[PDB]
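Same chain, two forms, each on its own as structure tokens: structure 1, then structure 2.
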Structure 1
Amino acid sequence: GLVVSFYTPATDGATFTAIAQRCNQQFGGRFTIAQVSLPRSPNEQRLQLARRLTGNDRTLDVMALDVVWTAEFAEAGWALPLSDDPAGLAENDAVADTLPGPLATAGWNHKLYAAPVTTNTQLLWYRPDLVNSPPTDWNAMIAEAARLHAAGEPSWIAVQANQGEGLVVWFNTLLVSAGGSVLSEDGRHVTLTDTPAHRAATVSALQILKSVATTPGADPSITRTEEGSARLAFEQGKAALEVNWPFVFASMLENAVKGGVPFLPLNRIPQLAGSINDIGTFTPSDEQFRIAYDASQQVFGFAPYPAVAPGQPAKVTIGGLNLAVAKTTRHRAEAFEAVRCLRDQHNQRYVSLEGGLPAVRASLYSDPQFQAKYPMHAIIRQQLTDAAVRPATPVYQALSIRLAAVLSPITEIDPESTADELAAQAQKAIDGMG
């Protein structure tokens, strides 16, 4: 029958393709979900979607939106409210057995405009064979990096922050964790330098950024434009400390089996032969997973995101993907139905274990079978309970562009002056000027 188009980031194409096929198996030819890939960066995903929406592309049905786009897609009319479900089942499905942080990312003006499907929070990833204890705060991060440098060991502090969204996420985590915030509650005012407490928070966050930027043996990938990967940097042994979304767990196990991790030769274990499936996805059996994980644990460990205020955990910036139905769709009923099918318990288990994307279903974090395969469940749920959030605003696109342009390169940050420049550019963004 009809085709429901499902637009997702390209790096999550395969995963969602698999999920879509599963859901296609449960409709009996009544309709078919077809996944379509968007670019890699949140901004370009947004741009493609916005062009199809303003272009009245009536073939656009379901969209996997980054959490930061809700405000814009709701205010524009692009994302239909879940209350526009003809069957009226969308809102109840979205809130049922779903963590409250994701649900908050999916809302605007007291209405849900999307159903969360995946969430995200960044953890610390370290080489337990080179680091006897994972640092619990950022000055400890810097000290460990310097000490590793004073031993020929890899000294990078791999953070996925080039000159875009990831850098803004780093800054927002540091700022909120320092007690600050980019915008007021209502999003109408800039709160980076408007009180001494807020200014102090911004200055501290900028100071951490600069100190990581200029720490002995730091990244020479910060001082230019090339979209480098902190994940691959860690997997290539160039870094013994990384902060990154938890998909790097799956990747590390997968690429180590494909032979792509020098310090973790899972490819040389006979029992893991064939654990890669015909589409290239690491799909171990239970015993194969025990083998791979217990071998990984000698060179790969995870820990909470490093705090800024020692003695209390950080407020880590939440990310992820919410399923929205485009206002262009021709079959609202089937779009919302497909949304409900894409986020069910089975496909959530899959999107987490195979796809590396944290699920939004709370039951899974209380599920022992899931916890045994996702050993980072407790820290992820705890950081999502305590999560920092980026400002929900219809002008987040321009806001993030301006903030990123000011923050990069982080080697040129001067905390006070940079704080003032940041507040001024954010003011420009929320003034509807660029």
Structure 2
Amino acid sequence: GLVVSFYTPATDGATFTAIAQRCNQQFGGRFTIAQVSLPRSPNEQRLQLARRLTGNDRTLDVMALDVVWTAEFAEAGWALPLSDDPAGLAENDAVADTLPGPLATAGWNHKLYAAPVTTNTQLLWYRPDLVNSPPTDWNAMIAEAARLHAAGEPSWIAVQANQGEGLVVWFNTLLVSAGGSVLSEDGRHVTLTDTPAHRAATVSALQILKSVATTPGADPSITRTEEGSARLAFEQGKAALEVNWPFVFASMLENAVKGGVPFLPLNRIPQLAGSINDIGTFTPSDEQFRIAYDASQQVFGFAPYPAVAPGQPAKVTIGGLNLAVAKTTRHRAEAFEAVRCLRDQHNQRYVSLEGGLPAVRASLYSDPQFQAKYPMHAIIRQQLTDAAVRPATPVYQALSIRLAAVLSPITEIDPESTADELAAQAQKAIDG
């Protein structure tokens, strides 16, 4: 039988295998999809795909790409344009019922080179028992953290700032929210400091990074650039404010039921007995979920990502995965058909409700079962509709590495001179 390979991160290998097996039911034996797990590390994911692509591995068909790899894989000829679908359906399928944010990540040089399947956006997570109203902007985040420190309360702001992609993501969110951009749309010009308005945006972003780093009672993983997880800092009660991807929601509930969250003893609720399955995963009934969520709202809440400007909502950097057809495929028709099935409405419902991965289909955000399991659905939907996008460029890897090297450690940022250093390093990346 004909086999179509489907390379995805091992991180969610169970989920991506499940939707491929569901898809295999509807092909009538014409072909089958074989999911193949890439390493959990995204850096190693890209490297293995690159070796198979440059090595002309003719068994490589469909691949899930991080949303920042589009420009490189398209420019290299590694990802076929969706217009190469012999059935002529890939382009219309990728656009129909897909949220604008995810779609913007799948295009390069005015053509689609991938079909979004999963997405991601950061929210504010906070302790409502310690913080009365969630901060609406970064100035309020800083004031609240300082007030908590003066009161002897958890004062850290839990946010990923180590030298890496997460720090570039945070900077990009602040930059675009302030009205700036790393590169021009075509990715050919550096726009960090080329106009007064653009420079002001860059300086504003650097000021927020530096202010967070020097707030009283800040996270020492920031102020000393030690190791430390933002998720664990909040679950362990050391931070009352956190910005992070929505996977922390399920993590909070699961670990609280397992006794790992000292301020949220969900393990003490008798109605939650048996909600942990035989591999340690929280698998509640709908009633158990309602009980767990209601109890959690006393000490655990969510809110929109803090704005940069008081009256303008944040532009939050989008993440996720896009499905691409590799140039190495011997079966384009079936590869593009697999992509459509893997992202259809039922499989989008599956990856969200069963896999905890936010969907890209707009219709799902009106679905009642989705809304019950994602009570922050409205905030996610809004931030996916008006998202910030990291710079699209074939040299994104070098660009990100150089930006992170300048930004880190954020305690050493001097906004005015760091802005010029950022622009110079970005120019070097674009030049090669």
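Only the largest set of C-alpha atoms that superpose within 1.5 Å between the two forms is called the rigid core. For residue numbers, the reference is structure 1: its sequence is counted from 1.
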item	value
Rigid-body hinge position between structures 1 and 2, taken from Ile142, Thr118, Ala233, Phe336	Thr118
Relative rigid-part rotation, degrees, compared between structures 1 and 2	14
Distance moved by the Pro9 C-alpha between structures 1 and 2 (core-aligned, Å)	3.4
Rigid-core-superposed Cα shift at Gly28 between structures 1 and 2, Å	8.1
Core-aligned CA shift between structures 1 and 2 for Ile208 (Å)	0.4
